[PDB]
Amino acid sequence: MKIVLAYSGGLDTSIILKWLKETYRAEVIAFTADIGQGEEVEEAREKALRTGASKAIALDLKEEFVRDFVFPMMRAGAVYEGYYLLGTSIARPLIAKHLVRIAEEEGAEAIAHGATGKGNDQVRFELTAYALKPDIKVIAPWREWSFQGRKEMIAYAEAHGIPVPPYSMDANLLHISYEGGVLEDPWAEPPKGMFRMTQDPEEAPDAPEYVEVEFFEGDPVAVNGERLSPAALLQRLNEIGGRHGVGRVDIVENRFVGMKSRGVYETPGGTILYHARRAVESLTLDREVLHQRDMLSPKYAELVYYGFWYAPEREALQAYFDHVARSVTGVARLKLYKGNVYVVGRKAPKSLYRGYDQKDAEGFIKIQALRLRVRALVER
Amino acid sequence: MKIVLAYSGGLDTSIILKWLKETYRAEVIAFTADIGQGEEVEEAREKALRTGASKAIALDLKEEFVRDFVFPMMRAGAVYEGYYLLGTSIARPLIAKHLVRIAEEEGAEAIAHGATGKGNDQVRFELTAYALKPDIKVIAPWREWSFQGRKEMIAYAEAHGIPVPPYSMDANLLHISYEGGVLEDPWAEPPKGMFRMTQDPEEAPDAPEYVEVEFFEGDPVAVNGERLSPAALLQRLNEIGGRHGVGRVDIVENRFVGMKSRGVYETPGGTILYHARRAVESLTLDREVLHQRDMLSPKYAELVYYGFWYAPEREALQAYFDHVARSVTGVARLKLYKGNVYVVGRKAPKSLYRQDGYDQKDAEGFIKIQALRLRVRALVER
Amino acid sequence: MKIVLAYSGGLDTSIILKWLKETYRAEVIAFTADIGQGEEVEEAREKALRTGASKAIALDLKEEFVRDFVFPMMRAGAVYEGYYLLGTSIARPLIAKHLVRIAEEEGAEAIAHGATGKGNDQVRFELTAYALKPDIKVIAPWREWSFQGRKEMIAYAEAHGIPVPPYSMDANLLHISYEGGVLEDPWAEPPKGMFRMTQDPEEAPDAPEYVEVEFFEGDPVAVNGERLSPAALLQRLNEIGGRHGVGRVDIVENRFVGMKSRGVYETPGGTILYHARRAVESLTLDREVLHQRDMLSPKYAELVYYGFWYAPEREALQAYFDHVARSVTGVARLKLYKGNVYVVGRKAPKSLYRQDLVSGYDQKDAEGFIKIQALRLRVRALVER
Amino acid sequence: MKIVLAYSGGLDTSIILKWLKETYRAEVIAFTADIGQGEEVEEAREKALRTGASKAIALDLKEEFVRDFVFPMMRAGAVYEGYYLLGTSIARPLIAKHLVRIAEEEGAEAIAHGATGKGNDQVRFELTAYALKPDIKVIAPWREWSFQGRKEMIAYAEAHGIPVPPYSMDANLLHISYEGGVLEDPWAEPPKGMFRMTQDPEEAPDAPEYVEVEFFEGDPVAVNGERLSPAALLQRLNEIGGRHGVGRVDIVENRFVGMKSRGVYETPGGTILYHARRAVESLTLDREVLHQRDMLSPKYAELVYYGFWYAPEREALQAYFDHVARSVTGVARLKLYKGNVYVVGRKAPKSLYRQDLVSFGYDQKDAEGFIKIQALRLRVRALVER
Ligand SMILES: Nc1ncnc2c1ncn2[C@@H]1O[C@H](COP(=O)(O)OP(=O)(O)OP(=O)(O)O)[C@@H](O)[C@H]1O
Ligand SMILES: Nc1ncnc2c1ncn2[C@@H]1O[C@H](COP(=O)(O)OP(=O)(O)OP(=O)(O)O)[C@@H](O)[C@H]1O
Ligand SMILES: Nc1ncnc2c1ncn2[C@@H]1O[C@H](COP(=O)(O)OP(=O)(O)OP(=O)(O)O)[C@@H](O)[C@H]1O
Ligand SMILES: Nc1ncnc2c1ncn2[C@@H]1O[C@H](COP(=O)(O)OP(=O)(O)OP(=O)(O)O)[C@H](O)[C@H]1O
């Protein structure tokens, strides 16, 4: 029996790698994906072999991530509950996609992940795992093992030679999320020094910095006149936005599984892209199209947040969003200053910006007012 | 014949006042509303009499503006095309509401306003005017007169004893908008020193300021523990927020009448209230209710923008938003710093947040059921 | 330990009554609700006492059913996936509501029901049970026991001496649903003679019958001039409509649990009420209000279908629907003829219809409206250059 | 100057043709489109010459109408205010399209139509024209002339020699609408003998008739096993459904321009197609996709009703609906009987229906977990209400 494990190299997945060998007497194949966590994925691939993996795979998926997940999601103008740019949500479908692919190539009947038994992550991983390969078997140790506490896990780890090292994290090219610990009290401001991807706004440059982003077809293709591949482009905007402390969010969100959770997110590059995209759309999109699109975005956002990426509903809405996005061509000019992003200019080859006279307006008014007058008259 | 005129005290409405008397051989009743334009409405009232009004009325409508228009709108989480807080839109229905009220009391058959014959304000004024009094007669001079140029209008003013004088503005308790002139080039950043209501972020305090806003029932009732009336509260948050340069928006918006226009808006108090409200809702509102509410907010925003305030659709939605907003009770703690507003804390008496009802096995069952239709889809695609 | 069982009186709930006693060795308070199944609930009550129940309650909830559940739902124009009028969905919440109330009075820690693990009902009972009393315990025998088939159950019943006997059904004041058995083949038409509430159109009167329904405030208050209570009014319309074979639906629906299911429903009075209301709304509701209401109807419908009646979302939407429904005051006239319902007329005290804007604006006005509405399209074409 | 007129062949457009000559002294190019009005369009074309047209064009547009307008609209499940299948609405865009095309080829400066100045049709004609040719000039005689009353127009007509004579009609392959006259009172039942496309339920066959419709990719492609082109298929279904009195609607609808209006519609083929399509969708469409599609249908419907066919919003929605419709492949079996259409069966090569999941991999215990997770927020809510 073989099992493909989503291995990140941490303590837990290392413990899980041992547990799987022991518990299922199976051969474990480790898979580590580089999606911009800023760690040396090769060190994880090696540590997996040291921990007992019968094979360790490590792939650079940054380009695929941005191009096939982040970009399509951004085209939809997806925002969860007013602020969340969904950094963790769009990433999971990618990992799971590869776990299933690898499992098929290696002839493995099962895949495994170390997402906890009470969070949303497990749902995200498995929803796409089941959607891509319906008969795959999933093993989620956090739902099957008996461990009573951390102390016992630490002890278990020491027993197996696994090296043991105030809040949880998750980082990738789109963002870094923080929760748990000091963050669990929604009335307590995040601690000083927690942020890693972005500079403290109070420590940001005293001079604002301008940046231009070009869109060709719904997708950003250049920064300050330099053409850049999808991953390279997000990276660049993370640097520029990060240096200024842009893209910070502090919310209490509604979980799909549990109840409410307090999360802090920094999405410098994506935050810039969000306003840059809308800046171009303000010249290129038709009014009614824009209004309909924005009324569908929230639905799309929750689908991504819940984990229904490879679900027919999300793909259906995507056809709509992509159709609209095809018109988004032009350049956005923004001004970055101490935590804030300001749209300062926009232009487009097919801008709709600058057919009737005043008498025309009077007629429009009269026709629009008719049902209101009748109603008023009827209220007698 | 009597005509009630929405008189602002400026050159154009003064010219309009003279124009109306002669053109219609009628007497004009001037009405000036104080909605926070930062002007002495009483001097406009006197100037009207001097300009020929048979009667001039000036009312302080700041409290009503915030209590009956701004708050109801904010409860709905209304935002037009991603950023516009509707500062100009919610103020028009209120002005027209009084014009029609005064016309009825004075026995006037018509009302008049000085909105341009080609813009959006005209629609706002008239849609509410007709909705409140179907038989009212509306006279929009800009759509009716023969003036062919600005210069001709000045000569007319000078001939009638009416005193004469980069972009145009509109200010009230919620915001100040800027449009036209140099702002007409969507690629050009607004000129230095244009903002009046908010300090430039570059000149804002080096020290961040924390502010707490209490919501009792969907509406903000206190700032930093101090109970404030609707207008006094909006005012207070404009002062606090303005000092930090909070609430600046630069957008090209879609108009109801013509095409697009580049507008710049500064809404310090409203911006703080926007995030504060959502902060309290994050603990008080149910997930499914929040999601449904946010999907209707845009529709509501466009109704307000287009001018359908006293319209049955807006009121039906308002019934929904008010039902939801009733649960928004609690306090939001925000941090202000150089142009930005950061939510740093929130609490509530009936918070649904328990940082802690089901076990791991439960989650697996949930996954299986949620995944069924997807698995069936996959097998069918073979 | 005490368990309150939603007891209907059939073989399954009877077996469950025995099973609960042997399995949990607790007292079982049986509860049978009269919601219009055309069944004598006292029989079930007594049959429950015989079967072992330590106590049996039988309540007449017809008026409550129609008044506090069917009516509010109808005000919203609720229709699931094009044709389902939610006959079974709005009933469950009512029952669950009483199960929890009873358990609270009897000091019972749990409630039980005989809905299967494959359906929506289990969700409806439980979602409302937990929403009304979070600490309640729910026992669903179909999900816990070992019976591997009909046969095993029949024997088990006889072992405990319990009376024993194509498709199964569910009936109440709103409709009768048929499902399973021969109905599982979506290509196969329901067998002839299956329907019970409606007469076969082929046997319906040769002369059309006209019926008038008065709505006062979003709810129907009279039929053909006779004022009738909510439950009484639904009954009358079932008789009138059933006679003509009105309201038959045959659909493959999507269950909340994940799979498709072939269902057949007959909702005579509801189908008449459905059209009667829209007919009155056509004169009393503003255009924009109507268009918004119709786009929200489907969401409300799935909420009810899934079991989220006592959920904040449904109640939030209800405030909107009730607000709009408040204006639905007037009368609808419909013609019933062999399975069909045709709206032939409608009137209302505050109708917005004036046969004069057809027989506050002129020709010139329309021209202007057209120019303003066309501007963005012309600019689009121009820019497409 | 040249003016391309949407000439229907009737009294009004005949008067208009004269009015255009006499008022604008323009060369009038008449255009009649056969979209299935059941009128020998060629007659109209000759009559236009007899009336003064310097050129008369008649085109058979049945196929284009169904394939490029009716089908795309049905693909979206478009229903205006619960009952209107938009028979008149989807036709206008097609006509205006040709009006504009003929104007360019003929080098004509303006186009004209005879929709009244009080209705929605004028909007439909013009939104389309302006959408395809922004520089086009439009002449709407009803909004420009001094005529007041049919008595007066009949005089002008007689004067010029144009032949002269309870409700107004409008027919095409999709339906026939009736409005005005004795129909204006919302409380009055329509008059016996009005309907033309459908047999009266009471006079319909005594035995029910079954019909099957196959959909391949969102569109109907065959009836009772016979492949049929878009126009021929609608025709066949009008014949079959008509004989049984199917597809009659009687509503008071909300107008875009006027206030409210009482309309009666008969759409036999369309009504069958509507229930057939949903029958095939019940097996081929995913639950969440269906629920989402149905919530958007009403918006698409008012877009069509208001005349925004060639508008960016409608085409954007169309992309959503076409994406969804692509999966609708299968056959629906319907029972026609005295005015009604009953769905009695449906099958599909890629049906998502699995009997094994409903009959007695799916594990009953999974439902409990599903239930508990779904119930959490409700329990917390109750507990907090304490
Ligand atoms: N405070 C107010 N009280 C009464 N009417 C007002 C007020 N503010 C605006 N209006 C009405 O709205 C129309 C004006 O717009 P805006 O406020 O954009 O006008 P202006 O051009 O700034 O002033 P003026 O008309 O004096 O030149 C006015 O002509 C007036 O009829
Ligand atoms: N009138 C009623 N009173 C109480 N509970 C009811 C009633 N009708 C249905 N129920 C509940 O819903 C569940 C039943 O469904 P249905 O009525 O579809 O079941 P059956 O399995 O067809 O009949 P039975 O349980 O009587 O053998 C029942 O097991 C019961 O717990
Ligand atoms: N088949 C067609 N070909 C060209 N234009 C048409 C056609 N059918 C309708 N129209 C246009 O739509 C307008 C008409 O509507 P309707 O058919 O409702 O008009 P009428 O005024 O009832 O008849 P008519 O004008 O022909 O006597 C017409 O005046 C005509 O310009
Ligand atoms: N880069 C990655 N490659 C493969 N799987 C990953 C990666 N990052 C996270 N996962 C998977 O996602 C889930 C984990 O989350 P998180 O990354 O929040 O876990 P941890 O518990 O923090 O990590 P670890 O146990 O590996 O130290 C499952 O553990 C883990 O298998």
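The sequence lines fix the lettering, A, B, ..., with proteins before strands; numbering per chain opens at 1. Note that ligands are numbered from 1 as they come in the structure, with each ligand's atoms numbered from 1 the same way. Hydrogens, waters and symmetry mates are skipped; everything else that's a heavy atom, side chains included, is used.
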Are there any protein N or O atoms under 3.5 Å from the N or O atoms of ligand 1? List them with distances, or say none.
from, atom 1, to, atom 2, distance (Å)
ligand 1, 1 (N), B:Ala33, O, 2.8
ligand 1, 1 (N), B:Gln37, OE1, 3.4
ligand 1, 3 (N), B:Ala33, N, 3.0
ligand 1, 23 (O), B:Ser8, OG, 3.1
ligand 1, 25 (O), B:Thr13, N, 3.3
ligand 1, 26 (O), B:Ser8, OG, 2.6
ligand 1, 26 (O), B:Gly10, N, 3.1
ligand 1, 26 (O), B:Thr13, N, 3.4
ligand 1, 26 (O), B:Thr13, OG1, 2.9
ligand 1, 27 (O), B:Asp12, N, 3.3
ligand 1, 29 (O), B:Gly114, N, 3.0
ligand 1, 29 (O), B:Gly114, O, 3.3
ligand 1, 31 (O), B:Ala6, O, 2.6
ligand 1, 31 (O), B:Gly114, N, 2.9

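Here the side chain of D:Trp142 pairs no donor or acceptor atom with the backbone of D:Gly117 at under 3.5 angstrom.
Within the 6.0 Å centre-distance limit, the rings of B:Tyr156 and B:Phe147 are counted as a close aromatic pair.
Among the candidates A:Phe125, A:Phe31, A:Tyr7, the single residue satisfying the ring-ring contact (aromatic ring centres under 6.0 Å, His included) test with A:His113 is A:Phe125.
Under the 4.0 Å criterion applied to side-chain N and carboxylate O atoms, B:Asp170 and B:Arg92 are assigned as salt-bridge partners. A salt bridge links D:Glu126 with D:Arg143: at least one charged nitrogen is closer than 4.0 Å to a carboxylate oxygen. Looking at A:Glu42 and A:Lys47, no side-chain N of the basic residue comes within less than 4.0 Å of a carboxylate O on the acidic one, giving no salt bridge. Salt-bridge annotation for D:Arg255 and D:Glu179: present, with a side-chain N of the basic residue lying under 4.0 Å from a carboxylate O of the acidic one.
Under the ring pair (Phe, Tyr, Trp, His ring centres under 6.0 Å) criterion, D:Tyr178 pairs with D:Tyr167, D:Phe195, sequence neighbours left out. Every ring pair (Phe, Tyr, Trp, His ring centres under 6.0 Å) that A:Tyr265 has, sequence neighbours left out, goes to A:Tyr84, A:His175.
Protein neighbours of ligand 4 below 4.0 Å, counting non-hydrogen atoms: A:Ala6, A:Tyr7, A:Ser8, A:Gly10, A:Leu11, A:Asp12, A:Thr13, A:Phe31, A:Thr32, A:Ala33, A:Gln37, A:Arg92, A:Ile95, A:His113, A:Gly114, A:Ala115, A:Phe125.
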